Amino acid sequence: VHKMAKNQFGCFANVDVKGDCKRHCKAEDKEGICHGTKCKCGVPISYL
């Protein structure tokens, strides 16, 4: 599957969109950030 809305959890323009980058990072117990047309993790969900 192509690296345009099928690999970045459909996220773009730094927005949490369609596939929600949040969820793929929640598997890792992390926040998910859209960094352009790209999805990475932010920080641990352990906010304390």
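Read-outs: derived from the displayed coordinates by stated rules, not from any lab. Every residue, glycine as well, gets a Cβ built from its backbone with ideal geometry; the counts of neighbours run over all protein chains shown.
A few comments on the model shown:
- Every condition in (1) surrounded by fewer than 16 Cβ atoms within 10 Å (Cβ to Cβ); (2) touching a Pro at 6+ places or on another chain (Cβ under 8 Å) is met by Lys30 except one, and the failing one is (1).
- Those residues of the range 8-18 which are touching a residue at least 12 places away in the same chain (Cβ under 8 Å), out of contact with any helix residue (DSSP H, G or I) (no Cβ under 6 Å at 6 or more places or on another chain) and either among the acidic types (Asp, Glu) or surrounded by 12 or more Cβ atoms within 10 Å (Cβ to Cβ) (or both), in sequence order: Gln8, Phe12, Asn14, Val17, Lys18
- Put simply, of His2, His24 the only residue that is touching a residue at least 12 places away in the same chain (Cβ under 8 Å) and out of contact with any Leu (no Cβ under 9 Å at 6 or more places or on another chain) is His24.
- The number of residues in the range 17-35 that are in a loop (DSSP other than H, G, I, E, B) and more than 14 Å from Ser46 (Cα to Cα) comes to 5.
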